J.: 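Before anything else, here's the structure in question.
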Amino acid sequence: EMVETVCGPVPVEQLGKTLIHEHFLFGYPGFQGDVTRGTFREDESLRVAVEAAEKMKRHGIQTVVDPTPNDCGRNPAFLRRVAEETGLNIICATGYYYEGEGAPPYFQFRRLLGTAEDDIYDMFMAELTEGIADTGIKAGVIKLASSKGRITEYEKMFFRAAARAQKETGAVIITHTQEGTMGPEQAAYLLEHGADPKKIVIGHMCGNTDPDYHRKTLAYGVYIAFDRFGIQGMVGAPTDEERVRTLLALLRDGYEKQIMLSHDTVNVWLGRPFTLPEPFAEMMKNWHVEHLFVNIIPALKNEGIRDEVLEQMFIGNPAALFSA
Ligand SMILES: [Co+2]
Ligand SMILES: [Co+2]
């Protein structure tokens with residue numbers, strides 16, 4: 001019936017067209033130490049975020065999940081400003097990034113105390129059921145993440161505590177997979193600690209190009225997201241053409257009730273600005289929150305993909321994901 005958004009509860013029935021994985025702001029852990037030269041210009045970056053949300057609305061999107069980790073610049077109050085100014089629903093998360101590119105020394109120290117997993121559990125409950133900092137905003141998903149080929153010991157604590165917190169709240173889990181690895185293992189590890197696969201999104205499933213690997217993960221009964229459309233070449237990413245071919249194999253198999261699509265945009269980088277070198281810059285060309293609507297879905301349509309399979313993926317799936 002209801003979901004925690006950054007404006008408070010919203011009926012799941014009103015979510016309609018949803019993107020499952022976009023960032024209004026995002027930073028690599030450490031951006032905070034570079035504050036002098038990488039300042040966070042709020043009004044400029046709110047303007048940008050606001051245009052991003054208008055661009056999504058012009059294509060019928062009524063809800064975005066922003067799964068920005070706690071250690072990657074999550075900022076619920078800033079998202080509430082975006083929601084207030086556009087009427088877009090924005091569901092936010094609680095969780096940390098994977099060990100490779102996250103902030104690990106804090107919870108590694110607590111591991112030595114023996115309190116880490118409960119501490120993380122306790123943080124999931126607080127932010128899911130109470131609110132985040134002095135914000136009054138609750139998280140609507142638990143964000144999880146693993147490394148390349150390994151769900152590390154560190155990562156495993158967050159996974160086990162996420163299973164505990166979901167058993168108690170019925171909360172949704174959205175994960176990160178690194179470079180197309182560990183989708184099946186995440187699904188296995190989660191159900192083995194009792195999590196409910198009807199509330200799990202294994203993410204960046206499109207980073208893997210072998211449909212057997214998709215079907216293996218899909219075998220657990222979980223959702224998968226093809227959520228990096230337009231990310232090409234960078235961070236081991238395959239091409240949009242390889243992603244489309246993969247999604248085709250799975251639509252053909254009838255798996256559309258388990259699949260969701262998004263772009264994983266970062267609309268405002270936290271920290272000091274940068275440019276990509278003209279190789280990669282040109283291959284990253286289409287990484288904007290409109291590419292699904294202008295390029296991706298058209299090409300699906302050309303192939304015979306029917307409107308209602310689309311809808312199943314952008315409407316029916318989010319509805320059911322968030323429903324009890
Ligand atoms: Co990710
Ligand atoms: Co992301």
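All values below come from the heavy atoms of this structure, side chains included, with hydrogens, waters and symmetry mates left out. For reference, positions follow the sequence shown, starting with 1. Whatever order the structure lists ligands and atoms in, that order sets their numbers, starting from 1.
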J.: How wide is the angle at the Co ion (ligand 2) between NE2 of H21 and NE2 of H23, to the nearest 10°?
T.: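 The two atoms subtend 100° at the Co ion (ligand 2).
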
J.: Tell me which N, O or S atom of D264 sits nearest to the Co ion (ligand 2).
T.: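 Within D264, restricted to N, O or S, the Co ion (ligand 2) is closest to atom OD1.
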
J.: Compute whether any side-chain donor of one residue and acceptor of the other, for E22 and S262, lie under 3.5 angstrom apart.
T.: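 Indeed, the side chains of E22 and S262 share at least one donor-acceptor pair under 3.5 Å.
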
J.: For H176, what is the atom name of its N, O or S atom nearest to the Co ion (ligand 1)?
T.: ND1

J.: Determine, step by step, whether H193 and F159 satisfy the ring-ring contact (aromatic ring centres under 6.0 Å, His included) criterion, reporting the C-alpha distance in whole Å, the side-chain angles of both residues, the deciding distance to 0.1 Å, and the verdict.
T.: CA-CA 9 Å; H193 294 275; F159 275 75; 9.5 Å; no

J.: Examine all N, O or S atoms of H204, backbone included, and report whether one is under 2.8 Å from the Co ion (ligand 1).
T.: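 Looking at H204, which is the residue asked about, there is an N, O or S atom under 2.8 Å from the Co ion (ligand 1).
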
J.: Under 30°, 30 to 60°, or over 60°: which ring-plane class applies to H291 and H263, parallel, tilted or perpendicular?
T.: tilted

J.: Tell me the closest heavy-atom pair linking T86 and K57, and the distance in Å.
T.: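 Scanning both residues completely, I find the closest heavy atoms to be O-NZ, 2.8 Å.
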
J.: With a cut-off of 2.8 Å, does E22 put an N/O/S atom close enough to the Co ion (ligand 2)?
T.: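 Checking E22: none of its N, O or S atoms is under 2.8 Å.
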
J.: Give a yes or no on whether the ring-centroid distance for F26 and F24 is below 6.0 angstrom.
T.: no

